[PDB]
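# Residue-level structure breakdown
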2 protein chains.
Amino acid sequence: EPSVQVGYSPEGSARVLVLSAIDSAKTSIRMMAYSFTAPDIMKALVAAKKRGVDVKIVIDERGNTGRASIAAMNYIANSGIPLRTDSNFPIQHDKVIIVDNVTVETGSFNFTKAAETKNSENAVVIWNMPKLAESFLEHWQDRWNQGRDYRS
Amino acid sequence: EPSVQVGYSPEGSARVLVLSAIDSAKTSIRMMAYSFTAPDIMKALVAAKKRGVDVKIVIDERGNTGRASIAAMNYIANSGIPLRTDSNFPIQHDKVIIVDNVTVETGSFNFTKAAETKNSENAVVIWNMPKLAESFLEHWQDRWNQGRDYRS
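Residues numbered from 1 in each chain as written, not as in the entry; some residues may be left out. Chains lettered and ligands numbered in written order. Heavy atoms only, no water.

Chain A goes by PROTEIN (ENDONUCLEASE) in the PDB entry, where it is assigned to Salmonella typhimurium. The PDB lists this entry under the title "CRYSTAL STRUCTURE OF A PHOSPHOLIPASE D FAMILY MEMBER, NUC FROM SALMONELLA TYPHIMURIUM". In its Sequence similarities (unreviewed entry) section, UniProt records this for chain A: "Belongs to the phospholipase D family." Recorded under Catalytic activity (unreviewed entry), the UniProt text for chain A is reproduced unchanged: "a 1,2-diacyl-sn-glycero-3-phosphocholine + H2O = a 1,2-diacyl-sn-glycero-3-phosphate + choline + H(+)". (UniProt positions renumbered as here; feature names shortened; annotations may be inferred.)

Below you can see the structure in the form of structure tokens.
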């Protein structure tokens, strides 16, 4: 049952794989991000919410004050997706998407345009590994718990 | 046979896991790095070489001109470990260690002190998945092939 997929940037396969993970969510998505700006990623997350998926996101605070960051954060909050900024770490550097409590996307890939089209990056999606995902969930939960709500 | 381990920062488990992957190499190590500065990581890589392990590294060029970067690069080259800088990408952002052609370490974790002790990070080691590793190897090889030797 468990399997792993990989994609790379600027090749294009990383972006598509990350979108595939979000598009696959039937019940939940717990996301951690540093730079949070890619319009394509935001559109996919809100499409997940519309599907009924329970989406919650915690992102780095200091690295998300740029215009593009604000546009995405506003877009996300306006959709009813619970979102928090976290400044308890010099940098909340994780780029992680936990899907349906059993799948984990991770790697170097930041959720940005530069990450999708310019930089060399790798993104992996580890499917159906419940133990790995619950561990990542504890990591997500700890960061979320000390975050600040960003609402609309 | 395939299995996955995870570690986090600043907890301490990520650093130890990354060291565990390097310490486990019996035949080869193909590494990709953005910021390349952690003394502990360098000591471990050279200990691998001394063990007879075939170690080759390609790192981002623009992000490795700081003093700590130079100290590590010099330390690494002095040990006979083939090393290259790559500037063909705005940022060679991968933080990857491919061990013995079948294991892959990856995640948000940069090979730096801040990554080990201050930032929130995650590092995963995907053990014994030959197909995943050969794919990552092609990714490593492509970046290495357009790099510039850094020697001593």
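Residues and elements named next belong to chain B. Here 8 strands make up an open sheet; going across it, the order is β1-β7-β6-β5-β2-β3-β4-β8 and the pairing mixed. Two strands in the sheet have a free side with no partner beyond their single neighbour: β1 (3–9) and β8 (148–149). In the sheet, strand β5 (residues 96–99) pairs with strand β6 (residues 103–107) via 3 bridges, with the strands oriented antiparallel. Across the sheet, the residue bridging to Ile97 is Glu105, located in β6. (Pairing = 2+ DSSP bridges. Helix = DSSP H or I, 4+ residues; strand = E, 2+ residues; numbered from the N terminus.)

On to the packing of aromatic side chains. For the structure shown, the criterion picks out 6 aromatic pairs over all chains. Between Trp140(A) and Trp144(A) the ring centres are 5.2 Å apart and the planes differ by 15°, which places this aromatic pair in the stacked class. A residue pair is termed a helical-turn pair when its members lie 3 or 4 positions apart in one helix, as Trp140(A) and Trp144(A) do in helix α5 (residues 130–145) at 4 residues. Looking at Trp140(A), the relative accessible area reads 1%, which means it is buried. Note on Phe109(B) and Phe111(B): the rings are 6.0 Å apart at their centroids and 75° apart in plane angle, and the pair reads as edge-to-face. Neither residue differs from the other here; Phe109(B) and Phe111(B) are each classed as buried. In this arrangement the basic side chain of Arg30(A) is found over the ring face of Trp140(A), its NZ or CZ atom lying 5.3 Å from the centre. (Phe/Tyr/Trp six-rings, centres within 6.5 Å; stacked < 30°, edge-to-face > 60°. Buried < 20%, exposed > 50% of the residue type's maximum accessible area, 1.4 Å probe, protein only. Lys NZ or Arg CZ within 6 Å of the ring centre and 35° of its normal.)

Attention shifts here to the sheet that holds strand β6 (residues 103–107) of chain A. The strands that make up a sheet are held in pairs by hydrogen bonds between backbone atoms, and each pair lies either parallel or antiparallel. All names here are of chain A. A sheet is described by the order of its strands in space; here 8 strands give the open sequence β1-β7-β6-β5-β2-β3-β4-β8, paired in mixed fashion. Strands with a single pairing partner mark the edges of an open sheet, and in this sheet they are β1 (3–9) and β8 (148–149). Sheet topology places β1 next to strand β7 (residues 121–127); 7 bridges connect them, and they run antiparallel. Across the sheet, residue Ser3 finds its bridge partner in β7, namely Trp127. Across the sheet, α5 lies against β2 (28–33), β3 (54–60), β4 (83–86), β5 (96–99), β6 and β7, angled at about 60° from β3, the strand it touches most. (Contact = heavy atoms within 4.5 Å. Axes fitted to C-alpha atoms, helices over the stretch in contact; angles between N-to-C directions.)

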